[PDB]
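Only one chain is shown below, in structure tokens, and it's the form solved without the partner chain.
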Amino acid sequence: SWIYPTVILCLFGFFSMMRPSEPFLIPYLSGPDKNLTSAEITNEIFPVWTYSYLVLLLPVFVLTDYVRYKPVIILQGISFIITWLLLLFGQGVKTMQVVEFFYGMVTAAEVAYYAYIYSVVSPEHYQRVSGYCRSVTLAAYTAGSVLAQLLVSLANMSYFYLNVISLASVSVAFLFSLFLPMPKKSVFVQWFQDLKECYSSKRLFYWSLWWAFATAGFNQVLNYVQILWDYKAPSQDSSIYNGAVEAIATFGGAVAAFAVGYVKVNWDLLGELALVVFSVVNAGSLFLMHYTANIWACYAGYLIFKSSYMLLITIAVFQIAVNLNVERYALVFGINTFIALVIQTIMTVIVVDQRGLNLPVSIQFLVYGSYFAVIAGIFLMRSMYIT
């Protein structure tokens, strides 16, 4: 039944997302072993990841369903070993840009990871599958965070050995991906025409429209929430307080994802209400993070925002999967992720980049909260127009 593929994919998504080095990527790169500078990391290394993410997302949503979702997962696994093997023993900006290219490949094939299990289980399980899988990834993340924060604070473990542990983790995920059950088989304009058949499904464009826009803002908030926390209360100890808080925010999000899979509720007649309510919650949390000048209130707002968004995206992925009525699960997921990345890149250029308005982190989260309020109101107004 659904138990074996779900268990194997959950193990893969745990041991692949359980990375102790992820919280300490910036200190590792600009440290005594990697020996880089923040100018080179932010300007010459990090944008390579976004460029590679877009470029390698293109074939992910073009070719994942045709190859039956397994080689792209195995490609993600192999890119996981390559990324961390180069990150362990790579020097200078030239090798770190290759690391970012392979991490872009990894994040692009995450779409295949998400769509594979929908390609393997029957639709009646799509809800449970939607929660568990997503949940475990978030669980992995918080586990990794703890596995970092404990070790660096209790075992005096260096960041290099954190990356060694991360490589050991993602190599186990590669072995688990090797044992995934293989899904069963089955001009330019024609492809687009098929896309027209794929996005004509019921409530799929609306859920995809939320996915394309909400997750761009979610990624922006994830990027700049640490900056907002540092601005709200500048402390040297915040390194041990910020990431730990994120671990609580991720775990809560994990719980929210587990709420979708476990709790049996008809999401067809409750999808719009959940979307509007939890988008209002997202906007209210984001406004709470900025407007209130309390670090604990901002922490609670971020926890609520991440939890609400993870619950909503679990619902979105589930509802897109069941209503798709075509086998092209990764085409829709990949296109949603690509549009989300394009929107996030445009918003990053506009609101925070020096080439744009260069808004400080104080006004940045007011902008993000208003962005999510616009999303909520557009979906709130649509419900009123329907009724």
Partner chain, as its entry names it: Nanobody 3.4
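We call the rigid core the largest set of C-alpha positions that still match within 1.5 Å between the two forms. Numbering follows the first chain given and starts at 1. Only residues modelled in both forms are compared.
The form solved in complex with the partner chain is left out here; the points below concern that form.
**Q** By the heavy atom within 4.5 Å rule, which residue out of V48, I343, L54, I26 makes contact with the partner chain in the deposited complex?
**A** If I apply the 4.5 Å criterion carefully, the residue I get is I26.
**Q** State the residue from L63, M347, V361, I339 whose non-hydrogen atoms include one within 4.5 Å of the partner chain in the deposited complex.
**A** Selected residue: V361.
**Q** Tell me the stretch among 318 to 326, 331 to 339, 26 to 34, 54 to 62 that has any heavy atom within 4.5 angstroms of the partner chain in the deposited complex.
**A** Within 4.5 Å of the partner lies stretch 26 to 34.
**Q** Should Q236 be classed as touching the partner chain in the deposited complex when contacts are defined as heavy atoms within 4.5 Å?
**A** Within the cut-off, so yes.
**Q** Indicate whether the partner chain has at least one heavy atom within 4.5 Å of a heavy atom of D230 in the deposited complex.
**A** Contact check for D230: yes, within 4.5 Å of the partner chain in the deposited complex.
**Q** Even though the partner isn't displayed, in the deposited complex is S201 close enough to the partner chain, meaning a heavy atom within 4.5 Å?
**A** It does not: once the partner chain is placed as it appears in the deposited complex, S201 has no heavy atom within 4.5 Å of it.
**Q** My question is simply whether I41 lines the interface with the partner chain in the deposited complex - judged by any non-hydrogen atom within 4.5 Å.
**A** Output for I41 is yes: heavy atoms within 4.5 Å of the partner chain.
**Q** Considering only 249 to 266, what residues come within 4.5 Å of the partner chain in the deposited complex, judged by heavy atoms?
**A** Stretch hits: zero.
**Q** Once the two forms are fit on the core, has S235 moved its CA by at least 2 Å between the shown form and the other one?
**A** Passes the 2 Å threshold, so yes.
**Q** Tell me, which consecutive runs of three or more residues change place between the shown form and the other one by 2 Å or more at the CA, with the core overlaid?
**A** Shifted segments: 234 to 236, 383 to 385.
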